[PDB]
Structure formats: C-alpha cells, structure tokens
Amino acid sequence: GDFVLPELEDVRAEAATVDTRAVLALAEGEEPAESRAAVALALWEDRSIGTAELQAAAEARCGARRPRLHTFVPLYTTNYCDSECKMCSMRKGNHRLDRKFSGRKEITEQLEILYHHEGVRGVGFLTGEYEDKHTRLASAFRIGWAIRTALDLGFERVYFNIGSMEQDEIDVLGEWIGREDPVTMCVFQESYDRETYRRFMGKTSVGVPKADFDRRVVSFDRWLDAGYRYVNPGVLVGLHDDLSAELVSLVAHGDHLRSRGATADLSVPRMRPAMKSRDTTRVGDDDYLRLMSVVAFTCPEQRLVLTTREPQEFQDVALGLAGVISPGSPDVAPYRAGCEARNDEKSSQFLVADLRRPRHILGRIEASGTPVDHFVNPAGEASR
C-alpha cells in the first residue's frame, strides 16, 4: 500500500485519450474522467494550449481555495550532512563549507526573531541527512524538540525537511507532537527517475544515506502509517532533462497521498547556484510556468510552494499559481533583528535570488491585494 511509481508508457497511453479542451471547460470542483497524471501529461503536451492560457486556467481552478496563501520561513539548524548530492553545497565531500550547528540558545533566538521581527507564524526546520542510526535518531530528537518549541511559542504551522525517515526515527520525532498538530513532513524526491537520481544522489550500499531511493520515496507512507496527515513531496527542477516524466511522477505521488487521506503541498524548486560537483539543466521560465500550471490545475487542493529561490520578478508572475509563499535564506541561523538575512557562500546550501526580509516580501503581497495567513505584519497597533 506504499506509493508505486507510475509506468510512463501507461500514462502516455491514457493521456492520448484526454480531451484537453473539455478538461479546460470543467467547472471548478469538477474532476476529469482520466487520472490526474494522464491529464497533466495531456495538458503539458498539447501545445495548442498556450502556457499563459494554462496559467490563467490554473489560477481560476484554484481561485476558490481559502486561505489564498499561507507562509513559512525556513530555518536551517545545521549544515552538516553525511550525504553527497552533487547539486548541493552541503554535500559531505565539500570541504570548503564552514560547518555550523545551532544549539538550544541559537534556535530559540532565531524563532523569536522570526516571530517578533518578521511577524511570521510558520517555520520550517532543515538539516542534512545522516548515515548511522544513532545520528539519525539524535537528529530526529533535536528537530522534534525544535518543532515543539516553535508550536509552544505560537507558530501555527511547522514544516520539517531532515531527510528520509524510518519508522523508529518518526517515533522519536513524534514524541514531541500530537497526531493532529500542524506539522508537515517534507521529503523532496528531487527526481523520480532512478537513473537521474543515482547520477546526483550517488550509489547505494556505500554510506551515502540519500542514495536509497526507496527508503526516501516511502517516507510519507511511514508518516501516514503513524497517524499523521500533512506531507510535502517535491521535484528539483533542473536535475532530470525530461520535465514531462517528472510532472507525471509528482502528480501521481500527490494523487496517491490524497487517496490515503493526506493533505499535501507540492514543491517544484528550481536550481540555484551552489558548490556543485555536477552541472544541472537550466529550465526556462516558460517551461517552468507551464509545469507549475499543469500541476496546480490537476491538483487544485494541493498547494504549490513558491520560494525566494526565485527573483522578485518571477514571484510577481507566478505567485497566482502558489498556495504557500516561503521567503528566507538557506544559511544556518541567518536571521538578525532589523538586518538582511545572511546567505554566505561559505555556509549556505545554495544562493537565493531574493534576499529581502520576509516581512517586506509578505507585506508587499498583502498591499497588492492577497492576504497571507500565518503572517501578522508587525505594524501600527501590532507594532511593539
């Protein structure tokens, strides 16, 4: 009953039977006759439907969803990692990185800055992924504490992204939270193509924890087995050259999670500069918007996540396709009251394109006419 990757040849055959114009004519809250993955593929490949027209249709099909947007800010709690992903600066073989680790004091200080100075009520905790069982359990323990601590401070939504998770590691993290707490597990498969995955994440059976594709991809099934609800699959756009394959796999994974009763966000982060050991594929804005549009349209209750990997000009264009906006920096403990967050090449996972403070980014979204849930702008009579 775990997720099984779809057979692309089978999806292609079903995609051939989809009437894409009829699909576009569907009322909001109406579901196509064919599978979501087949419809996504059919919309993707039918180039008589313009990308801008697909994006307009996606924004309308999602237009009823409330809240329109919510936010969380990432907080990297360490940049140690045992794995070796060739597109990521945190890879263990990158001896140039200055490695850092946040203790109790620093984690708490960062959460207070985010809460009081940035006005945010969503946070995400990130770590590397570790090889030996004891380290994995001790990481789960510390992140469980961070989650409980953020909820107790008044954060209303907590994400975590700490690697694949086995049953006993979920047990350790879970002793910190309740089954109905607003806690989302993030595990981005990066590529659902096993060969591209191996190229970037490494080979198995050699002490490289994220090289195990199968352990990673069933992490959400373990989380749902344990009685939790919120999950966040993702694809790293720019690893695999064939985007049609990845959108089929992601939509199929979302559909599986939906059928198990999960609430899923969907992440499609695009590559950013990093201290890489292998080059990646640059995906143009039209393809990327078409991918976002097709996923958002076929998965209208699963919010796309948009992040400050993208520059301000792209956020302007794409924000209507998103249901989560996540501004922040992938450096360890980077926030400081009144100051721009750090994004030091010597310690960050990658370089972001937008370094403006979260409360400025989110305040400008609100001023342009979209409320952001889990954002309390620290102004006026809410100004301290």
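Numbering starts at 1 and follows the sequence shown.
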Per the entry, higher mean C-alpha B factor between 50-58 and 318-326: 50-58
Looking at the deposited entry, does 140-148 or 88-96 carry the larger mean Cα B-factor? 88-96
Taking the values straight from the PDB record, which of 232, 277, 135, 79 has the highest C-alpha temperature factor? 277
When the CA B-factors of 184, 302, 204, 108 are compared as recorded in the entry, which is the largest? 204
Within-chain third of residue 67 by Cα B-factor, per the entry: middle
Third of the chain's Cα B-factor distribution that residue 336 belongs to, per the entry: middle
Ranked by Cα temperature factor within the chain, is residue 161 in the lowest third, the middle third or the highest third? lowest
According to the PDB entry, is the CA B factor of residue 342 in the bottom, middle or top third of its chain, that is, lowest, middle or highest? middle
C-alpha B factor of residue 15, ranked within the chain: lowest, middle or highest third? highest
